[PDB]
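Written below as structure tokens is the structure these notes are about.
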Amino acid sequence: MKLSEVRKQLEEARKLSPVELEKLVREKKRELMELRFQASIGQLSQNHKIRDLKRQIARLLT
RNA sequence: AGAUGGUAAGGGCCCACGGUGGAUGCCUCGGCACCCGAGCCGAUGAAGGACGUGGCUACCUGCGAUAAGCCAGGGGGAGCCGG
Ligand SMILES: [Mg+2]
Ligand SMILES: [Mg+2]
Ligand SMILES: [Mg+2]
Ligand SMILES: [Mg+2]
Ligand SMILES: [Mg+2]
Ligand SMILES: [Mg+2]
Ligand SMILES: [Mg+2]
Ligand SMILES: [Mg+2]
Ligand SMILES: [Mg+2]
Ligand SMILES: [Mg+2]
Ligand SMILES: [Mg+2]
Ligand SMILES: [Mg+2]
Ligand SMILES: [Mg+2]
Ligand SMILES: [Mg+2]
Ligand SMILES: [Mg+2]
Ligand SMILES: [Mg+2]
Ligand SMILES: [Mg+2]
Ligand SMILES: [Mg+2]
Ligand SMILES: [Mg+2]
Ligand SMILES: [Mg+2]
């Protein structure tokens with residue numbers, strides 16, 4: 001259901017849009033690295049966080 | 001003084017049981033033929049690949065650094081996160 005949620009947020013991301021798109025993506029990107037960085041060490045990772053964040057990025061990218 | 005009976009190191013034939021081997025029968029996601037349909041794709045980068053892509057992934061499948069996926073329109077009505 002998280003889809004309907006984030007979607008509206010993105011045309012909502014039309015304060016600055018292409019610019020905030022980029023700002024927001026870059027952010028989600030870091031969170032992703034921070035994530036897999038901790039995922040590699042083992043004792044700081046669950047799971048579904050990644051794929052959810054991965055696809056999260058995708059629709060932002062759209 | 002004479003006679004003709006036992007032994008099986010092993011071998012043979014037959015019976016029983018077993019090993020090995022994978023024929024025969026049954027089966028079938030595959031193949032074959034015909035008939036009907038349908039019949040082009042590419043510089044808006046094809047056909048076909050290489051590399052990559054999953055939290056743990058060797059291969060196959062799918063996909064392309066948005067990477068077993070992204071958006072929207074239909075379908076569908078309880079399961080789903082390929083093998
Ligand atoms: Mg721009
Ligand atoms: Mg994933
Ligand atoms: Mg955009
Ligand atoms: Mg004698
Ligand atoms: Mg004997
Ligand atoms: Mg003997
Ligand atoms: Mg056998
Ligand atoms: Mg042309
Ligand atoms: Mg050109
Ligand atoms: Mg191709
Ligand atoms: Mg990999
Ligand atoms: Mg996954
Ligand atoms: Mg990984
Ligand atoms: Mg890996
Ligand atoms: Mg592959
Ligand atoms: Mg990615
Ligand atoms: Mg897929
Ligand atoms: Mg999956
Ligand atoms: Mg899983
Ligand atoms: Mg399953």
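Residues in the structure tokens are numbered from 1 in each chain, the chains being A, B, ... in the order shown, and ligands are numbered from 1 in the order shown.
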Exercise for review: as a PyMOL selection string, please: all residues of chain A that backbone DSSP puts in alpha helix (DSSP H).
Suggested key: chain A and resi 2-11+18-41+49-61
May I have the selected residues written with N, CA and C atoms, as a CSV table (one decimal), in the first residue's frame?
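Listed below is the output, part.csv:
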```csv
chain,number,residue,atom,x,y,z
A,2,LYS,N,2.1,1.1,0.4
A,2,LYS,CA,3.1,2.2,0.5
A,2,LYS,C,3.2,3.0,-0.8
A,3,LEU,N,2.7,2.4,-1.9
A,3,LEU,CA,2.8,3.1,-3.2
A,3,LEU,C,2.0,4.4,-3.2
A,4,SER,N,0.7,4.3,-3.1
A,4,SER,CA,-0.2,5.4,-3.1
A,4,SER,C,0.4,6.5,-2.2
A,5,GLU,N,1.0,6.1,-1.2
A,5,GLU,CA,1.6,7.1,-0.2
A,5,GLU,C,2.7,7.9,-0.9
A,6,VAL,N,3.8,7.2,-1.2
A,6,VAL,CA,4.9,7.9,-1.7
A,6,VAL,C,4.7,8.7,-3.0
A,7,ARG,N,3.8,8.1,-3.9
A,7,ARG,CA,3.6,8.7,-5.2
A,7,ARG,C,3.1,10.1,-5.0
A,8,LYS,N,2.0,10.4,-4.3
A,8,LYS,CA,1.5,11.7,-4.2
A,8,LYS,C,2.6,12.6,-3.6
A,9,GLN,N,3.5,12.0,-2.8
A,9,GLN,CA,4.6,12.8,-2.1
A,9,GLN,C,5.5,13.4,-3.1
A,10,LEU,N,5.5,12.8,-4.3
A,10,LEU,CA,6.5,13.1,-5.4
A,10,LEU,C,6.1,14.2,-6.3
A,11,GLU,N,4.8,14.3,-6.6
A,11,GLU,CA,4.3,15.4,-7.2
A,11,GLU,C,4.1,16.5,-6.1
A,18,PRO,N,12.4,18.8,-10.0
A,18,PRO,CA,13.5,18.1,-10.5
A,18,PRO,C,14.7,18.3,-9.5
A,19,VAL,N,14.7,19.4,-8.8
A,19,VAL,CA,15.8,19.7,-7.9
A,19,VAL,C,15.7,19.0,-6.6
A,20,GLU,N,14.5,18.9,-6.1
A,20,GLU,CA,14.2,18.1,-4.9
A,20,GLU,C,14.2,16.6,-5.2
A,21,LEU,N,13.7,16.3,-6.4
A,21,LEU,CA,13.9,14.9,-6.8
A,21,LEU,C,15.3,14.5,-6.6
A,22,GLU,N,16.2,15.3,-7.2
A,22,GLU,CA,17.7,15.0,-7.1
A,22,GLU,C,18.1,15.0,-5.6
A,23,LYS,N,17.8,16.1,-4.9
A,23,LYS,CA,18.1,16.2,-3.5
A,23,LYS,C,17.7,14.9,-2.8
A,24,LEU,N,16.4,14.6,-3.0
A,24,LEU,CA,15.8,13.5,-2.3
A,24,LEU,C,16.4,12.1,-2.7
A,25,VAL,N,16.7,12.0,-3.9
A,25,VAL,CA,17.3,10.7,-4.4
A,25,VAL,C,18.7,10.6,-3.8
A,26,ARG,N,19.5,11.6,-4.0
A,26,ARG,CA,20.9,11.6,-3.4
A,26,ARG,C,20.8,11.1,-1.9
A,27,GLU,N,19.7,11.6,-1.2
A,27,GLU,CA,19.6,11.2,0.2
A,27,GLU,C,19.3,9.8,0.3
A,28,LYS,N,18.2,9.3,-0.4
A,28,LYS,CA,17.9,7.9,-0.3
A,28,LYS,C,19.0,7.0,-0.7
A,29,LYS,N,19.9,7.5,-1.6
A,29,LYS,CA,21.0,6.8,-2.1
A,29,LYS,C,22.0,6.6,-1.0
A,30,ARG,N,22.3,7.7,-0.2
A,30,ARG,CA,23.2,7.5,0.9
A,30,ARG,C,22.7,6.6,1.9
A,31,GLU,N,21.4,6.7,2.2
A,31,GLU,CA,20.8,5.8,3.2
A,31,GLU,C,21.0,4.4,2.8
A,32,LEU,N,21.0,4.2,1.5
A,32,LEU,CA,21.1,2.8,0.9
A,32,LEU,C,22.5,2.3,1.1
A,33,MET,N,23.5,3.1,0.9
A,33,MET,CA,24.9,2.8,1.1
A,33,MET,C,25.2,2.5,2.6
A,34,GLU,N,24.8,3.5,3.4
A,34,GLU,CA,24.8,3.4,4.8
A,34,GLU,C,24.2,2.1,5.3
A,35,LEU,N,23.2,1.6,4.5
A,35,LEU,CA,22.5,0.4,4.8
A,35,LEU,C,23.3,-0.8,4.5
A,36,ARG,N,23.7,-0.9,3.2
A,36,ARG,CA,24.5,-2.1,2.8
A,36,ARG,C,25.9,-2.2,3.5
A,37,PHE,N,26.4,-1.0,3.8
A,37,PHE,CA,27.6,-0.9,4.6
A,37,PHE,C,27.4,-1.6,5.9
A,38,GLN,N,26.3,-1.4,6.5
A,38,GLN,CA,26.0,-2.0,7.8
A,38,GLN,C,25.5,-3.5,7.6
A,39,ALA,N,25.0,-3.7,6.4
A,39,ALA,CA,24.5,-5.0,6.1
A,39,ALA,C,25.6,-6.0,5.9
A,40,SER,N,26.7,-5.5,5.4
A,40,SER,CA,27.9,-6.3,5.2
A,40,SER,C,28.6,-6.7,6.5
A,41,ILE,N,28.6,-5.8,7.5
A,41,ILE,CA,29.2,-6.1,8.8
A,41,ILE,C,28.3,-7.1,9.6
A,49,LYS,N,14.6,-4.0,4.3
A,49,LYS,CA,14.9,-2.6,4.3
A,49,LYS,C,15.5,-2.3,2.9
A,50,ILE,N,16.4,-3.1,2.4
A,50,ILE,CA,17.1,-2.9,1.2
A,50,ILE,C,16.2,-2.8,0.0
A,51,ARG,N,15.5,-3.9,-0.3
A,51,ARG,CA,14.7,-3.9,-1.5
A,51,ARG,C,13.6,-2.9,-1.5
A,52,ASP,N,13.1,-2.6,-0.3
A,52,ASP,CA,12.1,-1.5,-0.2
A,52,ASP,C,12.7,-0.2,-0.5
A,53,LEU,N,13.9,0.0,0.0
A,53,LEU,CA,14.6,1.3,-0.3
A,53,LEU,C,15.1,1.3,-1.8
A,54,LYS,N,15.4,0.2,-2.3
A,54,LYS,CA,15.9,0.1,-3.7
A,54,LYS,C,14.8,0.6,-4.6
A,55,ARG,N,13.6,0.0,-4.5
A,55,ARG,CA,12.5,0.3,-5.3
A,55,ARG,C,11.9,1.6,-5.0
A,56,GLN,N,12.1,2.0,-3.7
A,56,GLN,CA,11.8,3.4,-3.3
A,56,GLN,C,12.5,4.4,-4.2
A,57,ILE,N,13.8,4.2,-4.3
A,57,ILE,CA,14.6,5.0,-5.2
A,57,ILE,C,14.0,5.1,-6.6
A,58,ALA,N,13.6,3.9,-7.1
A,58,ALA,CA,13.2,3.8,-8.5
A,58,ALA,C,12.1,4.8,-8.8
A,59,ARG,N,11.0,4.7,-8.1
A,59,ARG,CA,9.8,5.5,-8.3
A,59,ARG,C,10.1,7.0,-8.1
A,60,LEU,N,11.0,7.3,-7.2
A,60,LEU,CA,11.5,8.7,-7.1
A,60,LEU,C,12.1,9.1,-8.4
A,61,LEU,N,13.0,8.2,-8.9
A,61,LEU,CA,13.7,8.5,-10.1
A,61,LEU,C,12.8,8.7,-11.3
```
Check your understanding: Once you count only C-alpha atoms (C1' of nucleotides) and all ligand atoms, which residues end up within 10 Å of ligand 9, and could you hand them over as a list in words?
Key ->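 Here is the list of contacting residues: residues 43, 44 and 45 of chain B.
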Got time to write the residues from that selection, N, CA, C and O atoms (P, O5', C5', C4', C3', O3' and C1' of nucleotides), as a PDB file, in the first residue's frame?
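Here's the written file out-v4.pdb:
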```
ATOM      1  P     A B  43      15.367   1.635 -35.753  1.00  0.00           P
ATOM      2  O5'   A B  43      16.390   2.713 -35.162  1.00  0.00           O
ATOM      3  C5'   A B  43      17.778   2.453 -35.281  1.00  0.00           C
ATOM      4  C4'   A B  43      18.573   3.731 -35.135  1.00  0.00           C
ATOM      5  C3'   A B  43      18.127   4.852 -36.063  1.00  0.00           C
ATOM      6  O3'   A B  43      18.532   6.127 -35.525  1.00  0.00           O
ATOM      7  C1'   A B  43      20.255   4.141 -36.705  1.00  0.00           C
ATOM      8  P     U B  44      17.479   7.264 -35.098  1.00  0.00           P
ATOM      9  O5'   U B  44      16.647   6.604 -33.897  1.00  0.00           O
ATOM     10  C5'   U B  44      17.269   6.253 -32.664  1.00  0.00           C
ATOM     11  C4'   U B  44      16.238   5.712 -31.689  1.00  0.00           C
ATOM     12  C3'   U B  44      15.666   4.335 -32.019  1.00  0.00           C
ATOM     13  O3'   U B  44      15.396   3.626 -30.834  1.00  0.00           O
ATOM     14  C1'   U B  44      13.920   5.891 -31.922  1.00  0.00           C
ATOM     15  P     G B  45      16.544   2.809 -30.092  1.00  0.00           P
ATOM     16  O5'   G B  45      17.405   2.171 -31.283  1.00  0.00           O
ATOM     17  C5'   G B  45      17.016   0.950 -31.911  1.00  0.00           C
ATOM     18  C4'   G B  45      18.245   0.133 -32.270  1.00  0.00           C
ATOM     19  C3'   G B  45      19.043  -0.382 -31.078  1.00  0.00           C
ATOM     20  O3'   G B  45      19.565  -1.677 -31.359  1.00  0.00           O
ATOM     21  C1'   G B  45      20.407   1.033 -32.387  1.00  0.00           C
TER      22        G B  45
END
```
Check your understanding: chain B residues within 9 Å of chain A, counting only C-alpha atoms (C1' of nucleotides): which ones, as a list in words?
Key -> residues 55, 66, 69, 70 and 71 of chain B
**Study point:** Atom pair atom 1 (Mg, counted along the ligand's line) of ligand 18 / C1' of residue 68 (chain B): separation (Å)
**Key:**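 Distance reported for this atom pair: 4.9 Å.
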Check your understanding: How would you write, as a list in words, the set of residues no farther than 9 Å from ligand 10 when counting only C-alpha atoms (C1' of nucleotides) and all ligand atoms?
Key ->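 Result of the 9 Å neighbour search around ligand 10: residues 46, 47, 48 and 49 of chain B.
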Practice item. Pick out the residues no farther than 9 Å from ligand 6, counting only C-alpha atoms (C1' of nucleotides) and all ligand atoms, and list them as an MDAnalysis selection string. Key: chainID B and resid 8:10
For the selection just defined, write its residues with N, CA, C and O atoms (P, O5', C5', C4', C3', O3' and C1' of nucleotides) to a file, as a PDB file, in the first residue's frame.
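Saved to result22.pdb:
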```
ATOM      1  P     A B   8      35.847 -85.907   0.367  1.00  0.00           P
ATOM      2  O5'   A B   8      36.852 -85.665  -0.860  1.00  0.00           O
ATOM      3  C5'   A B   8      38.034 -84.870  -0.716  1.00  0.00           C
ATOM      4  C4'   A B   8      38.192 -83.989  -1.939  1.00  0.00           C
ATOM      5  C3'   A B   8      37.056 -82.987  -2.115  1.00  0.00           C
ATOM      6  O3'   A B   8      37.565 -81.706  -2.492  1.00  0.00           O
ATOM      7  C1'   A B   8      37.198 -84.392  -4.022  1.00  0.00           C
ATOM      8  P     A B   9      38.338 -80.797  -1.426  1.00  0.00           P
ATOM      9  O5'   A B   9      39.860 -80.970  -1.874  1.00  0.00           O
ATOM     10  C5'   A B   9      40.874 -80.220  -1.224  1.00  0.00           C
ATOM     11  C4'   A B   9      41.886 -79.697  -2.235  1.00  0.00           C
ATOM     12  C3'   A B   9      41.323 -78.748  -3.289  1.00  0.00           C
ATOM     13  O3'   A B   9      41.383 -77.400  -2.812  1.00  0.00           O
ATOM     14  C1'   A B   9      42.589 -80.464  -4.340  1.00  0.00           C
ATOM     15  P     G B  10      40.186 -76.358  -3.074  1.00  0.00           P
ATOM     16  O5'   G B  10      40.109 -76.357  -4.669  1.00  0.00           O
ATOM     17  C5'   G B  10      38.878 -76.491  -5.353  1.00  0.00           C
ATOM     18  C4'   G B  10      39.187 -77.074  -6.711  1.00  0.00           C
ATOM     19  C3'   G B  10      38.009 -77.252  -7.641  1.00  0.00           C
ATOM     20  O3'   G B  10      37.662 -76.012  -8.243  1.00  0.00           O
ATOM     21  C1'   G B  10      39.284 -79.208  -7.640  1.00  0.00           C
TER      22        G B  10
END
```
